[PDB]
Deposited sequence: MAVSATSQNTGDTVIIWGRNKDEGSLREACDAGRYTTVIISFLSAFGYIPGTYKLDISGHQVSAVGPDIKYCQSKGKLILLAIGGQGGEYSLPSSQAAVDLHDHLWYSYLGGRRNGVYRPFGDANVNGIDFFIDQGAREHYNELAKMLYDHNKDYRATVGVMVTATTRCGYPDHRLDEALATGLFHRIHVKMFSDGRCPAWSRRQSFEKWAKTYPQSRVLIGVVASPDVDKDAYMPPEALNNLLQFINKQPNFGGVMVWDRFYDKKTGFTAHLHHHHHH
């Protein structure tokens, strides 16, 4: 197909999409983004993982299985709700420590790890809501584990710049950027190519992926059928840092077969 890069699937938004291991056994994806750690910052010590009623006890064994099959697993922070922001630098430190000891490679007895002894491979900054401040500091704190892996990625709205992420991206620490064509802030169809290329050329050291929906039931205006996405990909895959396609989401990708038809 014209997707020369990774295929990244969002998982966690509907329990009826099946387990994480099922997504990894589908033969379709290189990376799964578990979505979302959806509450933090507004209340000290309050953090919520919203994976739509998926059983957390199944996730850890499935992460280890997925990684044994060569898949990368990221946890997305943020999401589309209104229960998260970083109101201070201390909020960023607190969220760092929560992520490191609850989900990443850190260990501290007494900390609840929803996925047990499994480690996610990194954190996606899906900062679609709330205020912009202090994510640059969180990115530095997460990245610093690589200096003494933690992949640091972001998922942005369609138009460049995304003011919720621009300061964090300016740190230069983001390995991947997933540019949503869909959701609030969606580009008008005529501008998708130029918008994506602006993102790609602005961040030449990152792999830059195009985010699409698997069904017009998710976003009717932003949906591109496989044939139309391949027409767009034949242009944007010429960017040297084109990174692949991110698809919202596993439930709808199963429903339509989108990635299997690309």
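Novice: Need the unmodelled segments of the deposited chain, numbered from 1, in order.
Specialist: Unmodelled stretches, in sequence order: 1-6, 155-159, 274-279.
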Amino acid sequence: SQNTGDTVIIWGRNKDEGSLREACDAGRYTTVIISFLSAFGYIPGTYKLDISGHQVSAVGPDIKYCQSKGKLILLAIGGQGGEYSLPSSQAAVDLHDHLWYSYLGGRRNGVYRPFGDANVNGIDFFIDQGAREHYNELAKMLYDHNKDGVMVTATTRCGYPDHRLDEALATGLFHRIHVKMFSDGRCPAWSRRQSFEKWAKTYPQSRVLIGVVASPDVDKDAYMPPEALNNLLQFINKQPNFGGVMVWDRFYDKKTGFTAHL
From here on, numbers count along this sequence of modelled residues.
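Novice: According to the deposited model, is the average Cα temperature factor higher in 234-242 or in 248-256?
Specialist: Per the PDB record, 234-242.
Novice: Could you settle it for me: does 38-46 or 216-224 have the higher average Cα B factor in the PDB entry?
Specialist: Comparing 38-46 with 216-224, the higher average CA B-factor belongs to 38-46.
Novice: Out of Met181, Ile123, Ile127, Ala91, which one has a C-alpha B factor higher than all the others in the entry?
Specialist: Result of the comparison over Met181, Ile123, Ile127, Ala91: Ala91.
Novice: Comparing recorded Cα B-factors across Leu74, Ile77, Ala170, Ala154, which one is largest?
Specialist: Among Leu74, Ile77, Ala170, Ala154, the highest C-alpha B-factor in the entry belongs to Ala170.
Novice: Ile33's Cα B-factor: lowest, middle or highest third of the chain?
Specialist: Lowest third.
Novice: Report the third (lowest, middle or highest) to which the CA temperature factor of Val59 belongs, ranking only the modelled residues of the same chain.
Specialist: For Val59, whose C-alpha B-factor we compare with every modelled residue in the chain, the answer is the middle third.
Novice: Against its chain's modelled residues, does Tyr84's Cα B factor rank lowest, middle or highest third?
Specialist: Its C-alpha B-factor belongs to the lowest third of this chain's values.
Novice: When the modelled residues of the chain are sorted by Cα temperature factor, does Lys15 land in the lowest, middle or highest third?
Specialist: Its C-alpha B-factor belongs to the highest third of this chain's values.
Novice: If you rank every modelled residue in this chain by C-alpha B factor, which third holds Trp190: lowest, middle or highest?
Specialist: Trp190: CA B-factor falls in the highest third of its chain.
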